[PDB]
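Novice:
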Amino acid sequence: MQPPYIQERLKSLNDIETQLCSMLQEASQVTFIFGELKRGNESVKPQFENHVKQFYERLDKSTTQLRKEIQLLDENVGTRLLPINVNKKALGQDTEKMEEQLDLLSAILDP
Amino acid sequence: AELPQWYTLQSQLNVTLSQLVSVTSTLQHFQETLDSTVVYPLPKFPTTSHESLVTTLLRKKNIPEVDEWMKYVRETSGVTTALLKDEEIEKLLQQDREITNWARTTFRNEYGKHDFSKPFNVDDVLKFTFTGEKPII
Amino acid sequence: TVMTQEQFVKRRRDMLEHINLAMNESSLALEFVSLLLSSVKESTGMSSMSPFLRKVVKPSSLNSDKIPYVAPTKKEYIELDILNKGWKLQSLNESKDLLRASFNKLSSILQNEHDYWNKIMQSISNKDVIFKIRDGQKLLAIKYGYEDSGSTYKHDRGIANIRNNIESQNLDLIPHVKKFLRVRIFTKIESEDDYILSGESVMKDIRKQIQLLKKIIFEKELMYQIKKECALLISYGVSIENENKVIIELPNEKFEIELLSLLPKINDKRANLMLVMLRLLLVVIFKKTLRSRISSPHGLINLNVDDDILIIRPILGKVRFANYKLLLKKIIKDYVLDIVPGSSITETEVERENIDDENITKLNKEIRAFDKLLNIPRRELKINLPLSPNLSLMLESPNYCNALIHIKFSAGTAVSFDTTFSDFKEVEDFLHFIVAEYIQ
Amino acid sequence: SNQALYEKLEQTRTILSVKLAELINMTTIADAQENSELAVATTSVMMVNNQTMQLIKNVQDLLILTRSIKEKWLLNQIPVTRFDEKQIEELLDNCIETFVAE
Amino acid sequence: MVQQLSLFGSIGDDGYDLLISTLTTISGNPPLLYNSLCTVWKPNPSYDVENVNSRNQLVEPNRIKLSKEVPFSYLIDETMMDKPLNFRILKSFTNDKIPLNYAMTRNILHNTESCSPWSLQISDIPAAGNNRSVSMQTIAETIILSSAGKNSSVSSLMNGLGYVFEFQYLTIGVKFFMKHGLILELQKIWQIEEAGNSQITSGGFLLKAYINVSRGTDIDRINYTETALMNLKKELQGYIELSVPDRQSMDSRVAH
């Protein structure tokens, strides 16, 4: 329907937005855990370390994925994107609707 | 009745906050000679007619809202002076700053872990097209 | 959550009064500092004083002195420190709640965006064309018009704004009313009276909606071109009723082609057939306009009514040519076959008839496919005679709605007649003279 | 355009890397230096109003960037028989014969 | 007395399909494969000529060219009948190998009764006024329809008018008829010689965006066509550059 490359880039960008959404959840959890360990709890210290680590690796993977998404967008400016900014034209609709009235006329002639 | 554009309003708010930081930092830099100077009116101030004005201008009391909120955060600190000894408070603050130091060196090592055209000559082809001589190569 | 005007205006009023209080406290601090500065500077403090403060008190009204340098005690060190710890904890909790609420709201918005983009990619094909549009908000508009595919129609371009409907889990098209044209066929009873109907043609999802809007704009184009064509056919029993319905009056039938918004009869099949002939002929117009724009640099900009429309003229010419064939056969039978002692009549269809590139040859052959639909109806009726007299009549119509007869007669007992007639009554007495002078 | 996307993405990436660490790093106590309840109050309100919502604004700005490049990917694509001539002619003459019905 | 408002450029062979798709999006019209065998005739060096003409104005001798199509069955080398005649066939034509050769072009020129239609084009150097942003050239052309007699070959007719053959080139390309009468051609050029064909546009396609105006005196029409050309240039910036070629290159006069 759409090209599979367009599908893959859409899913990659949606995944990027999902990681950037969960970025705020991870930051909230890190501030929470820092909250009770400043209150005085000490048993949650490895959870603090793991949450900060997963926050930073999510940032790294999302930023590198977005970097190579911009790289692919700039690279495909000649392969499958327009090198200039211009509105496209609707073509072939006369041929398609000729085909559909030929189909309709054949259907009415031959039951 | 109509709000300004939010980018401009946020920029104005950020400038206001930064100037609050700047006046707090200037007053912090002059922490001494500001606690060390007390201010009184002079006789040529009208004190009988504007006692309210001079007391409003020389008041050091801050509002009951801010005092109730500082009392609230003092209560929600989880530790208070009223039932702990000063040595216990000092060692609790020492282990607290140790925990903050651990957290910031954890940030330091986690942040250090990650990294942060012409095929031919148009003139030559047209000069062939109009005269017949080969393009020079 | 949902936010209302009264809650909005009370938040507006309370933040206005809080910013008023903040300004008041900052100005009071500034004026205290300036009134103390005027004790030693006397000039720059006056700039930052209020006019009211300058009216009430004079400068150098305050004085301060150096109380001794004191080191703060450890009790108030640890009191300020425990205050700092608690207040930083409260700010951490506020930051946690703000981040959590932002994550929840942004997660809802991004689920909506992901559904919207999945709907876009399951809905839109690469053949379709989309462009950005304002109102200032960004909207996607799909172009479904035929103006880049052959149509010349500046009255209404085909633009549809695409919007998301989570309730329908799909995308809806807003045209930047559903009206289809159907045809009524009216026959005549054998009493020379008013015509009665005998047949008529028949009367969500993203592709269905795109096809629906394309159908509406195409059929509106068809009615507009038909209305433009009908002005030149007024002398041939063709009229327009109310700028959206055309009427074709025939000696035996009656066609009502009306465009309007919102049981098995004999002529329903003929109604659907002539309807799809109308659609195919408008497609032929679009292809001829495309062929003009490909074969010429300037291209066709506007359509000539008498030369380039030809929608109802071919079909009306064909039905009138069938009627003219019936009348010519009746005239030949009465004035020739009923006079001679036995003869036969046969009908024949006579026919008369670089830039090599794929697209233009497809256009040429794809116009020549409907060339037989668009051609002049022409037929030669030749009658044999006992012996060597030979007679033929070729019936033809240069304009689609008239009749011309070219009669060819020869005899061996000599003369040779090759004459043309514009009506049937002349053919009557000419055939009578031929059969009275040479055949008999 | 793509150079602006490069610069915005890099600046937002660096400030997201530094910003939460600074938010939690300034939650320290020393006899940087806060000798006043005013300094405590100002640093505490600048946490919420300068670090947390700058993380919010940076995430939102990168989300706007992702939507912009997604929209560019959607819009700026390049665009990419059953009936033969005797079949159209035969179907048309059969249709004309049935329509006339003589 | 036509004037060609023209801009020129070039692309590589790899970007040919990308430019075809881009111009299809710009115009809404598919590209149109075309050819024109152009034969060029210069005045006879054995004929002593005068610098003056019938009037008292002194003129230079000029090469005058004859152009006509060649059927594409003569350009198909019995191996690509199956692929239709479209823009896709120009990717195969990169080297010097062209089925139209010097012997068959000589056969065409010598007609070995009636001759094929030709277009006789005469063009001077473009205008020296350095105030127009596009190349303006003056072209006078006739349509030679037919010929007869025992001396009916078009080469001998050109000899009778006093011009001998100098060189000839076959150009094959695709053109677009875009908005408001602008013809943009994209072509390869091969020189046809007895020693062998030579691809002049080596490894790339030549671009010519031109508008024909019947009256070059009509300054409003000249400015309208010029600003249409600059509108095309603005639309094409970033990808390909449109520039005015040299008047010394577009001059067809005989040097001495």
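Residue numbers (this note's numbering), protein chains in the order written: chain G, -2 to 108; chain H, 1116 to 1252; chain V, 42 to 481; chain C, 726 to 827; chain P, 26 to 281. Heads up, the beta-carbon is just placed ideally off N, CA and C, and yes, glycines get one too.
Based on DSSP bridge pairs, tell me the residues matched to V:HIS447.
Specialist: V:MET435 and V:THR461
Novice: Since P:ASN132 and P:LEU100 are thought to touch, with beta carbons under 8 angstroms apart, how far apart are those beta carbons, to the nearest angstrom?
Specialist: The pair is not a contact, with the Cβ atoms about 15 angstroms apart (cut-off 8 angstroms).
Novice: Spatial neighbours of H:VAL1169 within its chain, please: CB distance less than 7 angstroms, with the 5 preceding and 5 following residues excluded, ordered by chain position.
Specialist: Take H:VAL1169, set aside five residues on each side of it, and the residues of its chain with a beta-carbon closer than 7 angstroms to its own are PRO1156, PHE1160 and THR1162, in chain order.
Novice: Which residues bound the alpha helix (DSSP H) around C:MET751?
Specialist: From DSSP, C:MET751 is part of no alpha helix (DSSP H); its letter is neither H nor E.
Novice: Do P:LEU32 and P:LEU254 have their C-beta atoms within less than 9 angstroms of each other?
Specialist: yes
Novice: Let me confirm a value: V:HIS59 is counted as buried when at least 16 other C-beta atoms fall within 10 Å, else exposed. Which label applies?
Specialist: exposed
Novice: Could you tell me the alpha carbon to alpha carbon distance between V:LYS82 and V:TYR110, rounded to whole angstroms?
Specialist: Looking at the two C-alpha atoms, the distance is approximately 25 angstroms.
Novice: Pick out whichever of P:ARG272, P:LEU232 and P:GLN273 has its Cα sitting closest to the Cα of P:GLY34.
Specialist: P:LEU232
Novice: Buried or exposed: which applies to H:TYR1187, given that a residue is buried once 16 or more other Cβ atoms fall within 10 Å of its Cβ?
Specialist: exposed
Novice: Using a Cβ-Cβ cut-off of less than 8 angstroms, list which residues of the stretch 115 to 126 of chain P approach chain V; keep chain order.
Specialist: none
Novice: Mind listing which residues of the stretch 1188 to 1209 of chain H have their C-beta closer than 9 angstroms to chain V's C-betas, in chain order?
Specialist: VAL1188, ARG1189, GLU1190, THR1191, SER1192, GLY1193, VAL1194, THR1195, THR1196, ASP1201, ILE1204, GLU1205, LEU1207 and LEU1208
Novice: Run through chain G and tell me which residues come within less than 9 angstroms of C:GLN802, C-beta to C-beta.
Specialist: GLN(-1), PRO0, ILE3, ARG77, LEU78, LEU79 and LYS85
Novice: May I ask you to list, following chain order, the residues of the stretch 43 to 66 of chain P that have a beta carbon less than 9 angstroms from some beta carbon of chain C?
Specialist: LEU43, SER46, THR47, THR49 and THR50
Novice: My output table needs one value for H:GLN1120: the three-state DSSP class, helix, strand or coil.
Specialist: coil
Novice: For V:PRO92, which of helix, strand or coil comes out of DSSP?
Specialist: helix
Novice: Taking DSSP as the reference, what is the three-state secondary structure of P:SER31?
Specialist: strand
Novice: Which residues of the stretch 12 to 40 of chain G have a Cβ closer than 8 angstroms to any Cβ of chain V? Give them in chain order.
Specialist: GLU14, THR15, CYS18, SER19, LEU21, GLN22, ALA24, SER25, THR28, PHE29, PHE31, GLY32, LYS35 and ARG36
Novice: Does the Cβ of V:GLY453 have 16 or more other Cβ atoms within 10 Å, making it buried, or fewer, making it exposed?
Specialist: Exposed: under 16 other Cβ atoms inside 10 Å.
Novice: Which bits of chain C does H:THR1139 rub up against, with CB to CB less than 7 angstroms?
Specialist: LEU763, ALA764 and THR767
Novice: Contact criterion: CB-CB distance below 9 angstroms. Does V:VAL317 meet it with respect to chain H?
Specialist: no
Novice: Measuring CA to CA, which of H:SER1167, H:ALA1197 and H:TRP1217 is closest to G:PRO43?
Specialist: With distances taken between CA atoms, G:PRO43 lies nearest to H:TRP1217 out of H:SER1167, H:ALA1197 and H:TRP1217.
Novice: Using a Cβ-Cβ cut-off of less than 8 angstroms, give me the residues of the stretch 1117 to 1140 of chain H that come near chain B, in sequence order.
Specialist: Looking for chain B here will not work: the only protein chains present are G, H, V, C and P.
Novice: By the three-class DSSP mapping on this structure, what secondary structure does V:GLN481 have?
Specialist: coil
Novice: Mind pulling the chain G residues with CB within less than 9 angstroms of V:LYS359?
Specialist: Residues of chain G passing the Cβ test: none, with the nearest at roughly 16 angstroms.
Novice: Anything in chain C within Cβ reach of H:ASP1211, meaning under 8 angstroms, just list it in chain order.
Specialist: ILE754
Novice: Could you say which of V:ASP122, V:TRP128 and V:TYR118 lies nearest to C:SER769 if we only look at CA atoms?
Specialist: V:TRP128
Novice: Looking at H:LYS1228: is its Cβ nearer than 9 angstroms to the Cβ of G:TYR2?
Specialist: no
Novice: Under 9 angstroms between C-beta atoms, does residue 282 of chain P make it to chain H?
Specialist: Residue 282 of chain P cannot be examined here, being either before or after the span of chain P that is shown, 26 to 281.
Novice: Would you tell me roughly how many angstroms separate the C-alpha atoms of P:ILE197 and H:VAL1240, rounded to the nearest one?
Specialist: 14 angstroms
Novice: Since V:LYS413 contacts C:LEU817 with CB under 8 angstroms, what's their CB separation in whole angstroms?
Specialist: That belief holds up - the Cβ atoms of V:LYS413 and C:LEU817 are roughly 6 angstroms apart, short of 8 angstroms.
Novice: Report back the beta-carbon spacing between P:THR226 and H:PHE1235 to the nearest angstrom; my notes put them in contact at under 8 angstroms.
Specialist: 6 angstroms
Novice: Please report the distance separating the alpha-carbon of G:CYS18 from that of P:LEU58.
Specialist: Their backbone Cα atoms lie some 53 angstroms apart in a straight line.
Novice: Please list, in chain order, all residues of the same chain as G:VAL49 whose beta carbon is under 8 angstroms from its beta carbon, the five residues on each side excluded.
Specialist: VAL27
Novice: Cβ of V:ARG223 within 9 angstroms of Cβ of V:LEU316?
Specialist: yes
Novice: Okay, do the stretch 384 to 402 of chain V and the stretch 295 to 312 of chain V touch, 3+ Cβ pairs below 8 angstroms being the bar?
Specialist: no
Novice: Relative to the C-alpha of V:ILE203, which residue among V:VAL218, V:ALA182 and V:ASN211 is closest?
Specialist: That would be V:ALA182, whose Cα lies nearest to the Cα of V:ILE203.
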